[PDB]
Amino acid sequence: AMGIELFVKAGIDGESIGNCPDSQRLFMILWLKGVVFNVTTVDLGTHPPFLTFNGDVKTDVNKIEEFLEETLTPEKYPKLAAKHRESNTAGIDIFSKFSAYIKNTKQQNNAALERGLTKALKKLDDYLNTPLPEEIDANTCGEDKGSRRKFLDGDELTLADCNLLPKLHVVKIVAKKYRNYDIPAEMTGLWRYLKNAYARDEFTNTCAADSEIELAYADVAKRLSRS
């Protein structure tokens, strides 16, 4: 861990964190590992974020994630992988559903696309509200016999969170700005998940500005013009 330089996307200001979920993903991982590293916002354009370890460039985001978990190990660094297989697949279809929802221009399809995103969101809400086996044994579940854990896998942030949280945040900001869509408040688990993230510095200080995210989708998202 002698040399760790992280190159994330830069915002319109040229210095701030720009909208790039993959960037926030790796940023959060390094932060949660407690390792010494440097961040440099650069104009990556369409190029993905990357990092250099001891001068050697690392590429991909999934491959970079595997390297960091395999290199920064106990006892000096905490293992950040999720213990439950289900935690790594919750909400995987959300971003895809959201993108098709906000990229649509025909009003005749809006309703269906919206239900698509909502259903994807409810599945994620369901997992977060269903107590994990540990909580059931521990009797760590609420009076509603409902899960009250803070994140996907448990009460500690994991690689699954570093991957999902940035996309989920983007979905919330953009879908609201360009469709006036709100993640229903009845999805108590999902909202409790999001609020917990906003309380942790590792997500807050690695997060792009609401205006930055919105401006980023100004061309991507389309207005429901055609019937």
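All residue numbers refer to positions in the sequence shown, first residue = 1.
Asker: Quick one: classify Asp43 as lowest, middle or highest third of the chain based on its Cα B-factor.
Answerer: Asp43: CA B-factor falls in the highest third of its chain.
Asker: Among all modelled residues of this chain, ranked by Cα B factor, put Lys103 in the bottom, middle or top third, i.e. lowest, middle or highest.
Answerer: Middle third.
Asker: Which third, lowest, middle or highest, does the CA B-factor of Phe95 fall in along this chain?
Answerer: Middle third by C-alpha B-factor.
Asker: Lowest, middle or highest third: which one holds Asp126 when the chain's residues are ordered by CA B-factor from the entry?
Answerer: According to the entry, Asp126 has a C-alpha B-factor in the chain's middle third.
Asker: Going by the entry, which third of its chain does the Cα temperature factor of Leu72 land in?
Answerer: As the PDB entry reports it, the C-alpha B-factor of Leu72 lands in the highest third of its chain.
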